[PDB]
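A.B. asks: Chains as they are written, first to last, in the UniProt record's numbering: chain S, 37 to 359; chain P, 37 to 94, 98 to 359. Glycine included, C-beta positions come from ideal geometry on N, C-alpha and C.
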Ligand SMILES: NC(=O)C1=CN([C@@H]2O[C@H](COP(=O)(O)OP(=O)(O)OC[C@H]3O[C@@H](n4cnc5c(N)ncnc54)[C@H](OP(=O)(O)O)[C@@H]3O)[C@@H](O)[C@H]2O)C=CC1
Ligand SMILES: NC(=O)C1=CN([C@@H]2O[C@H](COP(=O)(O)OP(=O)(O)OC[C@H]3O[C@@H](n4cnc5c(N)ncnc54)[C@H](OP(=O)(O)O)[C@@H]3O)[C@@H](O)[C@H]2O)C=CC1
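As structure tokens, this is what we get:
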């Protein structure tokens, strides 16, 4: 019931075009339909790869849904010209006439939001995208946006893509109530905390080993460390690992499995609202493993309580869902 | 620089009219000017007492009141008007300086409520509009609706804020700054928990009569603040006060209030204020003295931060 969307951030980075195409195929073979990319992902290479799969995206002949995003970074603003330019470039790369979902990837605090939204309204009138989404906007910024659109008679956003996992729940307090009021569904990213919730790291890895991956050896590693790589977060993971052992003994699932099942079975995400989890991977084996976990059932209550105890351990230092 | 407002919730409850009048006098004698009451306080007795003090309220003294949605009164237009007009009669004044929506009415579209406030403002029944207990996102909706409709915007938000209760800092404070609302803090001592006068185990045996026991709102207040981790937090601050100042240490009450005036997100430059609470004149006088004390040693400010981190996972919601 809670849906799954395929994250394509690693396509064109760790995953070459063949690996990416196998990934999409595995995802589709499980009955899922929706793909998440962005103007910025692997410097345009993610969209380019997806556009070359012969899926016929944006066409009436297409069962696959595609989402992309414009961003304000590196001096591109979210001023009208920049929003148009990014979307049109995305359309060329994806080799499609319109995308199913277009996001504002993160806020442009230098550009009045009414300007940006007027550009989105116009681009929607032109048939460049079907639905509008927001990502990384505060609840109060979402409300302002929705209220402006209603009063101007513009397209409202209908999807919010936000940071959410078993140990990162800031979104629950104010954002989820706001979204319910304005009618936005929620797609969760960082569902394994960039990989921290696989249990494959030790806190001390940051001094010696520094294993190349999401948290080391790239341009966003330090952002990810600051987001999730905290001692209390490792204590939290250990707490959940111990609960899995105690509740299931020899038959215990992986912590990865458990962390994803939390999302689909025990989070505030509701299939009734059209909510979804955006799965991440840097390889096809990781993806296949994750897809298996999505088809697993609920967890023992003690493990759910453990995850809650885990969140309480880190809630004081939760990263902001907004930027 | 951070201002002080007098909370009048106890006027007509633990404080009779003479004690209340002496309280107002002590407050005004310190140079302060602003009083906070509400339609609901002591079943209308708070406003009535204030209205009988001959202060001429609609003038150096400023008065705020609030309409609420509770007990089946909605915040539908008729209810808003009816509450304000009754408050005006009780306060014996033609207009109030600040009128709040006390808490959200989730059964009534907010645009209805706001149109009523616009009309009542046009009539000169109140000068400024305030909000209390609305989420940051609800404040943003409201401000955006008022701008588009050409109506009076709210300019004051009255919210729950103290050294161990800081949920408002994350989203609400940024929102307020953007829309130009000043912030007035209530529960600055966590209803009295931050005086250090209680032990967690008081809930079992002693149950001392006061904010937390023996009355209709005690259970709400226990659910809000009466948590083991909160008492751990208080003890941590008391230990830091002993360490930092030794024999010269201030009271934890004095410290908690100085935090608000000197070390919180409240800014005098924005017109922000603390709403002082008391259930007696001695309490008030002790609290007023703390407002005139200076900043705290860094180590105590850090201890307060450590204390907040202890309780942040179970912080009560600032919105309703
Ligand atoms: N709107 C926004 O600001 C955001 C949008 N997104 C979108 O959401 C998608 C998902 O988020 P993402 O953060 O990638 O998801 P995750 O939290 O699941 O992190 C995924 C990473 O964790 C590791 N991992 C995943 N599965 C396994 C496994 N089974 N075993 C071992 N390691 C595993 C891999 O990292 P590694 O092997 O490198 O160590 C993978 O790259 C993205 O692809 C993107 O489309 C993502 C971030 C921000
Ligand atoms: N808009 C809203 O929803 C809210 C508005 N308010 C307003 O804010 C004002 C202040 O809030 P309030 O919670 O009262 O503020 P506090 O957090 O300071 O709580 C005040 C209570 O703490 C105790 N106390 C205060 N000073 C001392 C002292 N020096 N020594 C020992 N105990 C002390 C007394 O309780 P005890 O009975 O135990 O003696 C007093 O009644 C209220 O009067 C009201 O006007 C208040 C709450 C909600």
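1. May I ask you to report which of helix, strand or coil DSSP gives residue 380 of chain S?
2. Cβ closer than 9 angstroms: which chain P residues qualify as neighbours of residue 185 of chain S?
3. Note down, in chain order, all residues in the segment 159-178 of chain P with a beta-carbon under 9 angstroms from any beta-carbon belonging to chain S.
4. Name the two residues that bound the continuous beta strand (DSSP E) containing residue 139 of chain S.
5. Between which two residues does the alpha helix (DSSP H) harbouring residue 193 of chain P extend?
6. Going straight from the alpha carbon of residue 193 of chain P to that of residue 313 of chain P, what length do you get?
7. What's the gap between the Cα of residue 255 of chain P and the Cα of residue 45 of chain P?
8. How about residue 70 of chain S: is its C-beta nearer than 8 angstroms to some C-beta of chain P?
9. Looking at the structure shown, is residue 87 of chain S part of a helix, part of a strand, or coil, going by DSSP?
10. For residue 287 of chain P, write down the residues that DSSP places opposite it in a beta bridge.
11. For residue 78 of chain S, list the residues DSSP reports as bridge partners.
12. On the three-state DSSP scale, how would you describe residue 225 of chain P?
13. For residue 96 of chain P, which three-state DSSP category applies?
14. As an exercise, report each continuous alpha helix (DSSP H) stretch of at least 4 residues that is fully enclosed by the segment 314-338 of chain P, in chain order.
15. Answer with yes or no whether the minimum CB distance from residue 209 of chain S to chain P is below 8 angstroms.
16. Any heavy atom of ligand 1 closer than 7 angstroms to the CB of residue 140 of chain S?
17. Using 8 angstroms as the limit for Cβ to Cβ distance, is residue 356 of chain P near chain S?
18. Could one say the Cβ of residue 348 of chain S lies closer than 8 angstroms to chain P's Cβ atoms, at least one of them?
19. Pull out every residue of the segment 126-137 of chain S whose Cβ sits closer than 8 angstroms to any Cβ of chain P, in chain order.
20. When you compare the CB of residue 271 of chain P with every CB in chain S, is at least one pair closer than 8 angstroms?
21. Residue 267 of chain P CB to nearest chain S CB: under 8 angstroms?
22. Beta-carbon within less than 8 angstroms of residue 101 of chain P's beta-carbon, same chain only, minus the 5 sequence neighbours each way: which residues are those?
23. Tell me the DSSP bridge mates of residue 47 of chain S?
24. Which residues of chain S have a Cβ atom closer than 8 angstroms to the Cβ of residue 214 of chain P, listed in chain order?
25. If contact is defined by three or more beta carbon pairs under 8 angstroms, each pair taking one atom from either stretch, is the segment 321-333 of chain P in contact with the segment 55-66 of chain P?
26. Grab me the residues of residue 198 of chain S's own chain with a C-beta within less than 8 angstroms of its C-beta, minus the 5 sequence neighbours each way, in chain order.
27. So, does the CB of residue 309 of chain P fall closer than 8 angstroms to a CB anywhere in chain S?
28. With respect to the alpha helix (DSSP H) encompassing residue 73 of chain S, which residues constitute its N-terminal and C-terminal limits?
29. With 16 other CB atoms within 10 Å as the buried threshold, where does residue 250 of chain P fall?
30. Going by the C-beta, is residue 45 of chain P closer than 7 angstroms to any heavy atom of ligand 2?
31. Just tell me which of S:87, S:92, S:339 and S:147 has its CA closest to the CA of residue 107 of chain S.
32. When DSSP labels each residue in this structure, what does residue 209 of chain S get in the three-state scheme?
33. Find the nearest neighbour of residue 319 of chain S within the set S:40, S:231 and S:275, judged by alpha-carbon distance.
34. On the premise that residue 155 of chain S lies in contact with residue 272 of chain S, defined as a C-beta separation below 8 angstroms, what is that separation, rounded to the nearest angstrom?
35. Would you please verify whether the beta carbon of residue 352 of chain S is less than 8 angstroms from any beta carbon of chain P?
C.D. replies: Reading off the structure:
1. No answer is possible for residue 380 of chain S: the residues shown for chain S start at 37 and end at 359.
2. Residue 185 of chain S sits at position 149 when you count from the first residue of the first chain. Ordered by position in chain P, no residue passes the 9 angstroms Cβ test against residue 185 of chain S, which lies about 10 angstroms from the chain.
3. 174, 175, 176, 177 and 178
4. Position 103 of the first chain, counted from the first residue, corresponds to residue 139 of chain S. Segment 135-140, the beta strand (DSSP E) holding residue 139 of chain S.
5. What you label residue 193 of chain P is simply residue 154 of the second chain in a count that begins at 1. Per DSSP, residue 193 of chain P belongs to no alpha helix (DSSP H); it is in the beta strand (DSSP E), 193-199.
6. If you number the second chain from 1, residue 193 of chain P lands on position 154. If you number the second chain from 1, residue 313 of chain P lands on position 274. The alpha-carbon atoms of residue 193 of chain P and residue 313 of chain P are separated by roughly 18 angstroms.
7. Within the second chain, the letter at position 216 stands for residue 255 of chain P. Within the second chain, the letter at position 9 stands for residue 45 of chain P. About 14 angstroms.
8. The residue you call residue 70 of chain S lines up with position 34 of the first chain. Closer than 8 angstroms: no.
9. Position 51 of the first chain holds residue 87 of chain S. Helix at residue 87 of chain S.
10. Position 248 of the second chain, counted from the start, is the residue given in the question as residue 287 of chain P. Looking at the DSSP output, residue 287 of chain P bridges to nothing.
11. The residue given as residue 78 of chain S occupies position 42 in the first chain. Paired residues: none, contrary to the question.
12. Indexing the second chain from 1 puts residue 225 of chain P at position 186. Residue 225 of chain P: strand per DSSP, three-state reduction.
13. The model of chain P omits the segment between 94 and 98, and residue 96 of chain P is among the residues lacking coordinates.
14. If we require 4 residues or more, the alpha helix (DSSP H) runs fully inside the segment 314-338 of chain P come out as 320-330.
15. Looking up residue 209 of chain S in the first chain gives position 173. Yes, contact with chain P.
16. Position 104 of the first chain, counting from 1, holds the residue named residue 140 of chain S. Not under cutoff, so the answer is no.
17. Within the second chain, numbered from 1, the residue matching residue 356 of chain P stands at position 317. Cβ-Cβ to chain S under 8 angstroms: yes for residue 356 of chain P.
18. Translated into the one-based positions of the first chain, residue 348 of chain S becomes position 312. Yes, contact with chain P.
19. none
20. Position 232 of the second chain holds residue 271 of chain P. Chain S, which has no Cβ nearer than 8 angstroms to the Cβ of residue 271 of chain P, makes this no.
21. Reading the second chain from its first residue, position 228 is the one you call residue 267 of chain P. Not one chain S Cβ lies under 8 angstroms of residue 267 of chain P.
22. Working through the second chain from its first residue, we reach residue 101 of chain P at position 62. Taken in chain order, the residues that qualify are 69, 70, 71, 136 and 137.
23. Within the first chain, numbered from 1, the residue matching residue 47 of chain S stands at position 11. In the DSSP output, where bridge partners are listed per residue, residue 47 of chain S has S:51.
24. Along the second chain, read from residue 1 onward, the residue named residue 214 of chain P stands at position 175. Those are 174 and 176, listed as they occur along chain S.
25. Yes, since at least three Cβ pairs between the segment 55-66 of chain P and the segment 321-333 of chain P fall closer than 8 angstroms, the two stretches touch.
26. Position 162 of the first chain, counted from the first residue, corresponds to residue 198 of chain S. 171, 172, 207, 211, 222, 223, 224, 225 and 357.
27. Mapped onto the second chain, residue 309 of chain P falls at position 270. Not one chain S Cβ lies under 8 angstroms of residue 309 of chain P.
28. Locating residue 73 of chain S in the first chain gives position 37, counting from the first residue. Segment: none, residue 73 of chain S is in no alpha helix (DSSP H) and carries neither H nor E.
29. Looking up residue 250 of chain P in the second chain gives position 211. Flag for residue 250 of chain P reads buried.
30. As a first step, residue 45 of chain P is located in the second chain; it is residue number 9 there, counting from the start. Under cutoff, so the answer is yes.
31. Taking the first residue of the first chain as 1, we reach residue 107 of chain S at position 71. That would be S:147, whose Cα lies nearest to the Cα of residue 107 of chain S.
32. For this step, residue 209 of chain S is matched to residue 173 along the first chain. Three-state result, residue 209 of chain S: coil.
33. Position 283 of the first chain, counted from the first residue, corresponds to residue 319 of chain S. Residue S:231 is the option with its Cα nearest to residue 319 of chain S.
34. Along the first chain, read from residue 1 onward, the residue named residue 272 of chain S stands at position 236. Along the first chain, read from residue 1 onward, the residue named residue 155 of chain S stands at position 119. In fact, because the Cβ distance is near 42 angstroms, the residues do not count as touching under 8 angstroms.
35. Locating residue 352 of chain S in the first chain gives position 316, counting from the first residue. Residue contact with chain P for residue 352 of chain S: present (Cβ-Cβ distance below 8 angstroms to some residue of chain P).
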